[PDB]
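>>> This one's experimental. Sequence and coordinates below.
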6 protein chains.
Amino acid sequence: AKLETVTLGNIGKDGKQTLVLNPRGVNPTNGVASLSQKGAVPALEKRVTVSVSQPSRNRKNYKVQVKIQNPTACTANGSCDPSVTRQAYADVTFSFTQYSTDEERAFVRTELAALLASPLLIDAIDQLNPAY
Amino acid sequence: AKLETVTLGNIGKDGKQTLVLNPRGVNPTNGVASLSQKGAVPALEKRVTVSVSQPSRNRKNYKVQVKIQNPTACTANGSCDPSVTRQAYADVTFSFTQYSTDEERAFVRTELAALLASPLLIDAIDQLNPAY
Amino acid sequence: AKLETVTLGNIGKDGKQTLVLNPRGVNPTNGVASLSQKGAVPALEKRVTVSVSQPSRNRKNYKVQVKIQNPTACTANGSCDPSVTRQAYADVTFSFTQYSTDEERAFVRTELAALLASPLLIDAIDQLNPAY
Amino acid sequence: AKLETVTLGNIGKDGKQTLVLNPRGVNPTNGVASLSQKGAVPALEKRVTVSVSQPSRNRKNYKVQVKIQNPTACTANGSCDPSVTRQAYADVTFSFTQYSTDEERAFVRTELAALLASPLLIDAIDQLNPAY
Amino acid sequence: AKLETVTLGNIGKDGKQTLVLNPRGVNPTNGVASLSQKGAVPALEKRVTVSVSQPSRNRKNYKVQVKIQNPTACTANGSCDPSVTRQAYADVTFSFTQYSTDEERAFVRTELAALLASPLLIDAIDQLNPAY
Amino acid sequence: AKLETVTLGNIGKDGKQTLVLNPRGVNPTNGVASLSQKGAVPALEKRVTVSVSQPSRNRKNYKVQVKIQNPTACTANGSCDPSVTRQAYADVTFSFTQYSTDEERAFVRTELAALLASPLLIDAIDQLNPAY
């Protein structure tokens, strides 16, 4: 699909924020499309990547991979310009057989999505609580 | 959060299906909670796992990990009982600093979720099309 | 199922006695749920353990394992406090396939319970006579 | 006791079915008494095996071992005769001391039978759920 | 006991403060229950861990082990977010024999608690003066 | 503090008993102040030991260490004089930075003492129940 400005809505804990990511390259050396919420400085922008990899000699499954990396900056320092003090990461890889159907693929995608909005996952990710 | 029957709604390509997963263990040897949409036979059920792992000696980040595995069965065979003929997989790991906040964690969670419903990801996962 | 006070009924040679086992842990290091008839002192209590283990790399089937250990104590000694003089053990191990059914599983369970109430087993266990 | 047709009643998950096992050998030559629900063909019959073994040099305790083996057959194939696609196994060994009493042995036997009819065990064997 | 919000009262030098700890997982990899006083950020919260370990082959006694880790944070920095500058620890392990009684165990428990509230301990701990 | 007859009250399961320990040395070879309850014979007396150790070459924290050792005696024997049949132990060591404060240490002291009267700890120590 068109590497275009993807715009995500009603995210954040309260469900009220917005993220705008702009096309920011393909093909670095490895086919991974890149997006970024453009900020003051490269180190300070939230990134996303997407890469579909066809099956080959060793690879027999298709693998779609998504990566989120969100830096946190703190301007006060022993200096003037803000610095990255931590990163948040997500990393999802999907693995699909060459004989799979789009219905099975779309099920895994929509299932993961609905899962991420569930009390079990809200507690595990937002509060870092295991399950009992 | 209570390892309870999580119920996911309006999933699938059309957005009209439902998934019901029932608590099906914790603590196999590795703290991973398990859920399953209960089906006729173990090999035939859709599974989910969740595991939060505190930081330790080598681990300094928290890592939350989610796994979807959905089998496809075909009953006709050279036999009577259905057999698994492929698996669909998702695998997401989140990586968070000990100094991160729930707002940063909930952002990465809701962002991934909203991302999974976007044209770029619909094409990459459902149609296995890279990005241009 | 809820790791709850199991209570067992009319056991013993006459089938008139009662055993009450109280939840006494999970996960020592190995997922082994534990029960125990509470007694004067830890070494003198009867124990039960159950462990379901899923299939992995090495293990392809499911394995359910139940253990029983009943100490016999004798308070007279060259001492005051009762001491264990022997144990009685039972260790049972069910092995079921990824494709097994709950009917097949319940049959083995109810068969083994019924088999244990039968003349041939009653003589092999209770009087230690083989079979002819 | 007399290796004789043992007949077992209301087994199965509904507790309505009957199993008839016919004496089918003794020794073979590990002392293993054998039984078998008469079947169309040897691979297709449910078996049971009982063995008592006296304490010797290496063995100082008595050990009684009982094994159930139930195959599942499937008539359809790429052939006419039914084939075995899976087995269900139970394997129980009792370990008793030279100084145990018949009352102590009978307690273990009847405890195991009672224990096999309890919610905790029904869920671990029939539904393959661990305990929480 | 149910892993609950344990609430502790009248602690601190003056005996006037309160600490609330919330069940924050079990079984990371080691049967270690966890609790934590809800803090702004993971690295900033007071933790407690409890584990009861049964006797094994290496371990012949029971061992109960409790850990306290309270961090101190200072927000002024060459930064914005508060950082951890030190940790206070308490690590207690109890050791009891298979034949110990609950009265003997509660004596050690209540004796230690009484001991900690005593002039000799107050000066050893709060003022780091040895004894003479 | 002056090594003085410490007296502790309302200890034991019921909270009704009293414990008088008497100064019984210092400086054996290791700065370990020692106490003890008046016992018929040295092997039969409850001991306590406290040691504060300053930071050093290897050691950079202060360490305060307390030990409890309560023997159980059984007078009946193949003898006249009582013999020790088991010991109960508690071993607490606190770890504090050179930069800690008396309020931070007193917090850890009073938190341990309050923790030791809580339903969770009572069940783990007195009844040797883990946590769920």
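Alright, I've got the coordinates. Residues are numbered from 1 along each chain as shown, chains lettered A, B, ... in the order given.
>>> Going along the chain, name the strands of chain A.
A:6-11, A:17-23, A:33-37, A:46-53, A:62-74, A:83-96 (DSSP state E).
>>> Residue B:117 is nearest to which of those strands?
strand A:6-11 (8.6 Å; C-beta to C-beta). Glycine gets a C-beta too; all of them are placed from N, C-alpha and C.
>>> ok, residues contacting the closest one?
A:16-21, A:35, A:48, B:107, B:110-111, B:113-115, B:118-120 (C-beta atoms under 8 Å, 6 or more residues apart in numbering or on different chains).
>>> mind checking how far it is from the chain centre?
12 Å (C-alpha atoms, centre = their mean, to the nearest Å).
>>> partner strands of it, parallel or antiparallel?
According to DSSP bridges, strand A:6-11 forms sheet pairs with strand A:17-23 (antiparallel).
>>> got the contact list for residue A:83?
Per C-beta under 8 Å, 6+ apart, neighbours of residue A:83: A:43, A:73-74, A:77.
>>> same thing but at 6 Å, please
residue A:77 (C-beta atoms under 6 Å, 6 or more residues apart in numbering or on different chains).
>>> That one and residue A:41: what is the separation?
Look at residue A:83 and residue A:41: by C-beta to C-beta, to the nearest Å, they are 10 Å apart.
>>> My guess is residue A:71 contacts residue A:87. True?
Yes: at 5.5 Å, residue A:71 and residue A:87 qualify as touching, with contact defined as C-beta atoms under 6 Å.
>>> ok, those two, which is more surrounded?
residue A:71 (20 against 17; other C-beta atoms under 10 Å in any protein chain shown).
>>> out of everything not next to it in sequence, what's closest to the most far-flung residue of chain A relative to its centre?
No residue in chain A sits farther from the centre than residue A:78, which is 32.0 Å out by C-alpha atoms, centre = their mean. In space, and not counting its chain neighbours, residue A:78 is closest to residue E:78: 4.2 Å by C-beta to C-beta, 6 or more residues apart in numbering or on different chains.
>>> what's the spacing between that neighbour and residue A:44?
For residue E:78 relative to residue A:44 (C-beta to C-beta), the value is 18 Å.
>>> ditto for residue A:60
Applying C-beta to C-beta to residue A:60 and residue A:44 gives a distance of 40 Å.
>>> who's more crowded, these two?
Per other C-beta under 10 Å, whichever of residue A:60 and residue A:44 has more neighbours is residue A:44, with 16 against 9.
>>> what sits against that one?
Residue A:44 neighbours (C-beta under 6 Å, 6+ apart): A:71, A:73.
>>> For chain D, give me its nearest residue in chain A.
residue A:132 (7.6 Å; C-beta to the nearest C-beta).
>>> which residues does the closest residue to that residue other than its chain neighbours contact?
The shortest distance from residue A:132 to any non-neighbouring residue, by C-beta to C-beta, 6+ apart, is to residue B:3 (5.9 Å). With contact set as C-beta under 6 Å, 6+ apart, residue B:3 has these partners: A:131-132, B:23, B:33.
>>> Please indicate which of the contacts of strand A:6-11 are buried?
With burial judged by 16 or more other C-beta atoms under 10 Å in any protein chain shown, the buried subset of those is A:17, A:19, A:21, A:35, A:48, B:107, B:110-111, B:113-115, B:118, B:120.
>>> want to try TSV for those residues, with distance to residue A:91 as columns?
Below are the buried ones among the contacts of strand A:6-11 laid out as TSV (distance: C-beta to C-beta, whole Å):
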residue	distance to residue A:91
A:17	22
A:19	18
A:21	17
A:35	15
A:48	11
B:107	16
B:110	16
B:111	13
B:113	15
B:114	17
B:115	13
B:118	17
B:120	17
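>>> Roughly how far does residue A:103 sit from residue B:11?
The value you get for residue A:103 to residue B:11, if C-beta to C-beta is used, is 11 Å.
>>> Those two - which one has more neighbours?
For residue A:103 versus residue B:11, neighbours defined as other C-beta under 10 Å are more numerous around residue B:11 (21 against 12).
>>> Please report the distance of the more buried one from residue A:62.
Taking C-beta to C-beta, one finds residue B:11 at 20 Å from residue A:62.
>>> Return the backbone torsion pair for residue A:79.
phi -170, psi -170 (degrees, to the nearest 10).
>>> neighbours of it, just the number please.
Neighbours of residue A:79 using other C-beta under 10 Å come to 9.
>>> Grab the nearest non-local neighbour of it.
Nearest to residue A:79 is residue E:78, by C-beta to C-beta, 6+ apart, at 8.0 Å.
>>> Would you confirm that residue A:106 contacts residue B:126?
Yes: using C-beta under 6 Å, residue A:106 is in contact with residue B:126, at 4.5 Å.
>>> Pick out the residue in chain A sitting closest to chain F.
residue A:132 (7.8 Å).
>>> so how many other residues sit close to that residue?
17.
>>> Equivalent analysis for residue A:70, please.
Neighbours of residue A:70 (other C-beta under 10 Å): 21.
>>> For the residue sitting nearest the centre point of chain A, give the beta-bridge partners.
Centroid-nearest residue in chain A, with C-alpha atoms, centre = their mean: residue A:68, separated by 3.1 Å. Beta-bridge pairing for residue A:68 (DSSP bridges): residue A:48, residue A:90.
>>> list the contacts for it?
A:48, A:90, B:108, B:112.
>>> rerun at 7 Å
Residues near residue A:68 by C-beta atoms under 7 Å, 6 or more residues apart in numbering or on different chains: A:48, A:89-90, B:108, B:111-112.
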